[PDB]
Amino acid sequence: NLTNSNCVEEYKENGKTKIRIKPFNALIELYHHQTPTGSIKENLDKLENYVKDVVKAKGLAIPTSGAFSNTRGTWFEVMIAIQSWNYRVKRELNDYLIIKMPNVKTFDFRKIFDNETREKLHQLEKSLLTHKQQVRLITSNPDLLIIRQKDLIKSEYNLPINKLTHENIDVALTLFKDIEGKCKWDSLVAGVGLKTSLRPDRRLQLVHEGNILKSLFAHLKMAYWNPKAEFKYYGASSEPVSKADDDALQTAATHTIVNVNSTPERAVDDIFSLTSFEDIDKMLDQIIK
């Protein structure tokens, strides 16, 4: 029956036949009866070998690492997205949302804000571009956003996802649409960058991400002159985090160490090593409370 799987799709491109992995089909096809749990890494290899056996059975050629790197990325994100969906359900956080975000083009995360907040950000933008050396504040959407605003929770969000289905995955991955233009600037409490693995270079992308996000938030705090609002950014790896990874992720928010009296603040507040799905819950516990 593997020859019937859809985790891989064939197509021609410029007369060239190519095979494409469909990460969601592999998910749906393996977890439609119960949602994954246990060791996250095993689930990633399980999903990967599955795709490899399906392709082997279809008589197609094993996808390149590039394909698997991409795919594994998605798998990791969705598993975390679903686990987060259920997390707030069983933890009964009726004023919190943990959203898996799309890329910045599909939906620039700045869109989640109410119009007053969107105006302040525009103020700053147009301003930074109004110079000899035009300046911007760009960063990829954070993988996960954690919002705390009661009036945004719809009763349907309280229905746990107990199996991976086109429908269930879609509701999780489109949850972001519901909050568009409705969040008060300080309703945003934290962001999380997800990475199946780290590298001396890639891990720095987390620091950049937390830095630009916290720089934006810092400007909203001044706009609304509110020193108590706080935004934290976190990183999560499915593998062990070395000391080197740790130190790197302790990098200060350059805008927070300008002054000798200024208090240091890390771009990435904390890095989590998620070995099991239970750990996702523990991480969220530490992030949210």
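In case it trips you up, residue 1 is the first one in the sequence shown, and so on.
The deposited model assigns a higher average Cα B-factor to 121-129 than to the other stretch when 107-115 and 121-129 are compared. Mean CA temperature factor is higher for 224-232 when stretches 224-232 and 64-72 are set side by side in the entry. Between the residues 260, 27, 241, 253, the entry's highest C-alpha temperature factor is the one at 260. Note on 141, 94, 211, 197: the highest value goes to 94, judged by CA B factor as recorded. In the PDB entry, residue 150 places in the highest third of its chain by CA B-factor. In this PDB entry, the Cα temperature factor of residue 188 sits in the middle third of its chain's modelled residues.
Per the deposited record, the Cα B-factor of residue 13 falls in the highest third when ranked against the other modelled residues of its chain. Residue 49 sits in the middle third of its chain by CA B factor, as recorded in the PDB entry. In the deposited entry, the Cα temperature factor of residue 86 sits in the bottom third of values across the chain's modelled residues.
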